[PDB]
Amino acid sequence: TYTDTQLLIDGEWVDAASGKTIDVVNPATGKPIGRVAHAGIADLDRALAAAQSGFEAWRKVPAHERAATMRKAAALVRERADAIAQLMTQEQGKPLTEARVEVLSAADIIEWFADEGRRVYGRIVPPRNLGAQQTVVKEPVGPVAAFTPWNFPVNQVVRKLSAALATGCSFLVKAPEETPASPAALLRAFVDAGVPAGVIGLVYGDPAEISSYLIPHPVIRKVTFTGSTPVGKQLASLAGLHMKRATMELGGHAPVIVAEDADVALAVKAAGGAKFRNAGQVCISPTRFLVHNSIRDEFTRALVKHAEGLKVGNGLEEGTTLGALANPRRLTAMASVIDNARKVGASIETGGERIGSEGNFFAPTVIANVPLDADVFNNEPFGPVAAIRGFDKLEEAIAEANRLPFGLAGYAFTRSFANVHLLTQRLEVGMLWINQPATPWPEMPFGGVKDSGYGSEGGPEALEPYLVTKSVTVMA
C-alpha cells in the first residue's frame, strides 16, 4: 500500500479547494500509485493567514516547551520510521534500507535542534557609559516559506522545519509533487505531537505558481530553498527584489582527492559506497575522483568491482542496494552525460546503459581517462556515475578541485598531517571529509560556497538565518 496525500492548512489535512490532484507514480515501475492535492491560490491565502497567526502563537511558547514538543514529534518519527520509509521508497525509488536510515536520522536531527532552541543566547556588551545597559537580543524573523526537492523527501524538510521551530518561526513548506507522502508523514508527526494549528503548513501543486506567489507576499519574512543551481538563482533573484531573507542549498560537484599515501581499499569502500548512495542523487555525492597516478589503475579496478556488486532492483526488496532513478528526466540526463563522455574519448569502464525498458533503472557507471572538457567533469551529474582522472602533484589535484563554480562537499584520503592541513586550508568547499564517507550529523555545519549557495543547515549556525539580532541600549 501507498496513501493519497493532502494539504496541511491550519491544523487540518484538506483537499485543495478546487478538488484538483496530481498523479504519483512509482519510479521502479512507471505505474500510478496515488495522488496528491494540487493547491491553488486560494489554498495559499489560507496557508499564509494561518502561518501569520501561528507565528504570533509559537513565538510566545517558552523554548523549553517548544523543545519538549519537538522531542515528542521526534519519538513519533522514530516509531513510524519503517512505515514512512515504505512510502518513500515507492514514490522516490531508493532502497528501503536507505529510506529507513533517512527517517531514523530525521528523529536525531529534530532532537538536536530542539535542544539548540534553548541555547539561542543573547549577549551583554561592556558599555561605554556605565549608566547604560547594552544588550544583543536574538528573536525569530517570522514566517518562513520552504521549497524542498525529491532526493531526500524527509531529510530536506526536517532541518529547515526543525530550525524554524526551534527559533519561534512558523513554517510553510512546498514539498515535491513526485515524492509527497513521506514529507506529509513527517509533518503529521508534528501535528500529533501538539504543534498548534498554523505553525506548520504543507502544500503541493505547480512549483512556479507557488514560489512566485509565496516569495513576494508580505506575510513571508524568510525564504529557504534547496534544489538546482539554476532554479535557486531564479528564486534568490525574486527574494532579493522583494528584500526577503534567503538561504540556498544548491548543486555540488564533489572532488575526491586520493593522495599517494592513501589506503586504497578504504578510499574505494568509503567514496565508492558514498557515490552510489541514493543512486548518486545527492548534492554531496563524490563525483570527480582525482587519484594519484601511482594507484589510479588499482583504484579504478576496485571501483568497477564495487559498482558491479550492486544489486539493482525494486527498492522494496530488502537486498536491493541500487534502486531506480527518481524520475524519467534522470534517464535522459544520464544518457546525455554518458554520450558526451564516449564522444570526447573517455572510457566507459562499466555500466553506461539503461537496464530493462520499464521504470528508471540505469546502470552504475565508472568513466576513466576523462578529459577536463567532458560534461561529467563540469556539470553536476546527480546520478550513479563516477569519473576518474590522475594527478602527480597534490597541488594540481587541489586546483582541479577548485576549478568549478561549485561548491559543496569534498573528500580526501591521506595520512600525513601536512596534507590534511593543506587540504583543510585550500579546498574550496563547505564540508570536507577525510578517510571516511560523509557523516553530516546535525551538530556540524552543512552548506556551500560560490554557486552551491549560502547558509548552513547544521550546528548553531543553522539557527542564524531564522533569527533577527537586535541591539538594545538603555540609559538608566
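Quick note: we count residues from 1 along the sequence shown, nothing fancier.
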Stretch with higher mean Cα temperature factor, 394-402 vs 352-360, is 352-360
Higher average CA B factor in the deposited record is what I'm after, so tell me if that's 373-381 or 117-125. 373-381
Tell me which of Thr179, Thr226, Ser170, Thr287 tops the list for C-alpha B factor in the record. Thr287
Out of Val61, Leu408, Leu423, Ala49, which residue has the highest Cα temperature factor in the PDB record? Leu423
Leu467, C-alpha B-factor rank within chain (lowest, middle or highest third): lowest
Could you look up the Cα B-factor of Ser237 in the entry and say which third of the chain it sits in: lowest, middle or highest? lowest
Of the three thirds of its chain by CA temperature factor, lowest, middle or highest, which one includes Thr97? highest
Compared with the other modelled residues in the chain, in which third is the CA B-factor of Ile9? middle
When the deposited Cα B-factors of this chain's modelled residues are ordered and cut into thirds, is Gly430 in the lowest, the middle or the highest one? lowest
